[PDB]
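Pasted below: query-v8.cif, mmCIF, C-alpha atoms.
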data_start
loop_
_atom_site.label_atom_id
_atom_site.label_comp_id
_atom_site.auth_asym_id
_atom_site.auth_seq_id
_atom_site.Cartn_x
_atom_site.Cartn_y
_atom_site.Cartn_z
CA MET A 202 -8.60 18.59 -1.53
CA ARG A 203 -11.13 17.04 -3.88
CA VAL A 204 -9.68 13.76 -5.09
CA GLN A 205 -11.16 11.69 -7.93
CA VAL A 206 -11.40 7.94 -7.50
CA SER A 207 -11.73 5.51 -10.41
CA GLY A 208 -11.80 1.78 -11.09
CA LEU A 209 -14.25 0.92 -8.31
CA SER A 210 -16.30 -2.26 -8.18
CA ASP A 211 -19.97 -1.87 -9.13
CA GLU A 212 -20.73 -3.11 -5.62
CA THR A 213 -18.64 -0.52 -3.78
CA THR A 214 -20.57 2.04 -1.72
CA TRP A 215 -19.34 5.16 0.07
CA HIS A 216 -19.25 3.11 3.27
CA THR A 217 -16.60 0.72 1.94
CA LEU A 218 -14.78 3.46 0.02
CA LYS A 219 -14.54 5.76 3.04
CA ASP A 220 -13.29 2.88 5.22
CA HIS A 221 -10.56 2.06 2.69
CA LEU A 222 -9.50 5.70 2.30
CA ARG A 223 -9.42 6.23 6.07
CA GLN A 224 -6.06 4.40 6.10
CA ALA A 225 -4.69 7.61 4.58
CA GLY A 226 -6.99 10.05 6.34
CA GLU A 227 -10.47 11.09 7.38
CA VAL A 228 -13.09 11.94 4.76
CA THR A 229 -15.56 14.88 4.88
CA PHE A 230 -17.20 14.31 1.50
CA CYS A 231 -17.82 11.11 -0.44
CA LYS A 232 -20.01 10.72 -3.50
CA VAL A 233 -20.05 7.50 -5.50
CA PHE A 234 -20.96 7.82 -9.17
CA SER A 235 -21.84 5.25 -11.80
CA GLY A 236 -19.06 3.65 -13.84
CA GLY A 237 -16.84 3.03 -10.83
CA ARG A 238 -16.12 6.69 -10.11
CA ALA A 239 -16.21 8.68 -6.89
CA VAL A 240 -15.32 12.14 -5.62
CA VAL A 241 -13.86 12.54 -2.14
CA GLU A 242 -12.69 15.42 0.05
CA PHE A 243 -10.20 14.82 2.85
CA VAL A 244 -10.08 16.78 6.12
CA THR A 245 -6.58 18.10 5.37
CA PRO A 246 -4.21 18.43 2.38
CA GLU A 247 -1.86 16.08 4.24
CA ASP A 248 -4.56 13.39 4.15
CA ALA A 249 -5.11 13.93 0.43
CA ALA A 250 -1.36 13.85 -0.24
CA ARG A 251 -0.98 10.56 1.61
CA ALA A 252 -3.98 9.06 -0.19
CA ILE A 253 -2.74 10.04 -3.63
CA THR A 254 0.76 8.69 -2.89
CA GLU A 255 0.00 5.63 -0.76
CA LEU A 256 -3.26 4.22 -2.15
CA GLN A 257 -2.57 4.18 -5.90
CA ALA A 258 -3.55 0.84 -7.45
CA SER A 259 -4.78 -0.29 -4.04
CA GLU A 260 -7.26 -3.14 -3.95
CA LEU A 261 -10.87 -2.71 -2.81
CA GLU A 262 -13.55 -5.39 -3.07
CA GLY A 263 -11.61 -7.15 -5.82
CA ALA A 264 -11.03 -4.02 -7.89
CA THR A 265 -7.86 -2.00 -8.51
CA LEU A 266 -8.43 1.62 -7.47
CA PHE A 267 -6.80 4.82 -8.79
CA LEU A 268 -6.76 8.37 -7.44
CA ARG A 269 -6.49 11.65 -9.28
#

Produce C-alpha cells that represent the structure in this file.
Amino acid sequence: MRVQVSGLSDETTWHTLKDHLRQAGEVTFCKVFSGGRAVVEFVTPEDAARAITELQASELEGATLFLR
C-alpha cells in the first residue's frame, strides 16, 4: 500500500498532500521528499486503489500530480 507521488509543487507539504489524498482515503504514512516526490501509505488497499485510479493528473497547489 505504499504509493509514490510525483510532480508536486515545491511549496507542498504533507499537510496539503494528505488533505488532497484524503478524497480517496485516509493516510497512515506521508513523507515529502525533495524534487516534488512523496511516499504515502493508505489505511487499506481499497484506499490505495481509489487513489491510483481517481487522482491521476489531479491538481494540487497549481501542480499536476501523478501516483505510482

**Asked** Taking only C-alpha atoms into account, which of A:203, A:231, A:248, A:265 comes nearest residue A:217?
**Response**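 The closest residue to residue A:217 is A:231.
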
**Asked** So which residues fall inside 9 Å of (-9.0, 7.0, -6.0) if we count only C-alpha atoms? Mind giving them as a list in words?
**Response** residues 204, 205, 206, 207, 208, 209, 222, 238, 239, 240, 241, 252, 253, 256, 257, 258, 259, 266, 267, 268 and 269 of chain A

Got time to write the residues from that selection, C-alpha atoms, as an mmCIF file, keeping the file's coordinate frame?
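What landed in out.cif:
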data_model
loop_
_atom_site.group_PDB
_atom_site.id
_atom_site.type_symbol
_atom_site.label_atom_id
_atom_site.label_comp_id
_atom_site.auth_asym_id
_atom_site.auth_seq_id
_atom_site.Cartn_x
_atom_site.Cartn_y
_atom_site.Cartn_z
ATOM 1 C CA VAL A 204 -9.680 13.760 -5.090
ATOM 2 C CA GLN A 205 -11.160 11.690 -7.930
ATOM 3 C CA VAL A 206 -11.400 7.940 -7.500
ATOM 4 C CA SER A 207 -11.730 5.510 -10.410
ATOM 5 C CA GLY A 208 -11.800 1.780 -11.090
ATOM 6 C CA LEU A 209 -14.250 0.920 -8.310
ATOM 7 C CA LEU A 222 -9.500 5.700 2.300
ATOM 8 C CA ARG A 238 -16.120 6.690 -10.110
ATOM 9 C CA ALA A 239 -16.210 8.680 -6.890
ATOM 10 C CA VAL A 240 -15.320 12.140 -5.620
ATOM 11 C CA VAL A 241 -13.860 12.540 -2.140
ATOM 12 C CA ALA A 252 -3.980 9.060 -0.190
ATOM 13 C CA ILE A 253 -2.740 10.040 -3.630
ATOM 14 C CA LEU A 256 -3.260 4.220 -2.150
ATOM 15 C CA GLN A 257 -2.570 4.180 -5.900
ATOM 16 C CA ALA A 258 -3.550 0.840 -7.450
ATOM 17 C CA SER A 259 -4.780 -0.290 -4.040
ATOM 18 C CA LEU A 266 -8.430 1.620 -7.470
ATOM 19 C CA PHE A 267 -6.800 4.820 -8.790
ATOM 20 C CA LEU A 268 -6.760 8.370 -7.440
ATOM 21 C CA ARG A 269 -6.490 11.650 -9.280
#

What do you get, as a short mmCIF file (atom, residue, chain, number, x, y, z; two decimals) with C-alpha atoms, in the coordinates of the input, if you spell out every residue that the PyMOL selection byres ((chain A and resi 219) around 10) selects here?
data_model
loop_
_atom_site.label_atom_id
_atom_site.label_comp_id
_atom_site.auth_asym_id
_atom_site.auth_seq_id
_atom_site.Cartn_x
_atom_site.Cartn_y
_atom_site.Cartn_z
CA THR A 214 -20.57 2.04 -1.72
CA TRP A 215 -19.34 5.16 0.07
CA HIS A 216 -19.25 3.11 3.27
CA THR A 217 -16.60 0.72 1.94
CA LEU A 218 -14.78 3.46 0.02
CA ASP A 220 -13.29 2.88 5.22
CA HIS A 221 -10.56 2.06 2.69
CA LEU A 222 -9.50 5.70 2.30
CA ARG A 223 -9.42 6.23 6.07
CA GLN A 224 -6.06 4.40 6.10
CA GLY A 226 -6.99 10.05 6.34
CA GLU A 227 -10.47 11.09 7.38
CA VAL A 228 -13.09 11.94 4.76
CA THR A 229 -15.56 14.88 4.88
CA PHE A 230 -17.20 14.31 1.50
CA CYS A 231 -17.82 11.11 -0.44
CA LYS A 232 -20.01 10.72 -3.50
CA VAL A 241 -13.86 12.54 -2.14
#

**Prompt:** Hey, can you check how far atom CA of residue A:234 sits from atom CA of residue A:262?
**Reply:** 16.3 Å

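Summary of the local environment: counting all atoms listed in the file, residues at most 10 Å from residue A:202, other than itself and those fewer than 5 positions away along its chain, are residues 241, 242, 243, 244, 245, 246, 247, 248, 249 and 250 of chain A.
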
Filtering to C-alpha atoms, could you give me those residues as a PDB file, in the coordinates of the input?
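Once everything was written out, this is part.pdb:
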ATOM      1  CA  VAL A 241     -13.860  12.540  -2.140  1.00  0.00           C
ATOM      2  CA  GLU A 242     -12.690  15.420   0.050  1.00  0.00           C
ATOM      3  CA  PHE A 243     -10.200  14.820   2.850  1.00  0.00           C
ATOM      4  CA  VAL A 244     -10.080  16.780   6.120  1.00  0.00           C
ATOM      5  CA  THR A 245      -6.580  18.100   5.370  1.00  0.00           C
ATOM      6  CA  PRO A 246      -4.210  18.430   2.380  1.00  0.00           C
ATOM      7  CA  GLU A 247      -1.860  16.080   4.240  1.00  0.00           C
ATOM      8  CA  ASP A 248      -4.560  13.390   4.150  1.00  0.00           C
ATOM      9  CA  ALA A 249      -5.110  13.930   0.430  1.00  0.00           C
ATOM     10  CA  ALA A 250      -1.360  13.850  -0.240  1.00  0.00           C
TER      11      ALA A 250
END
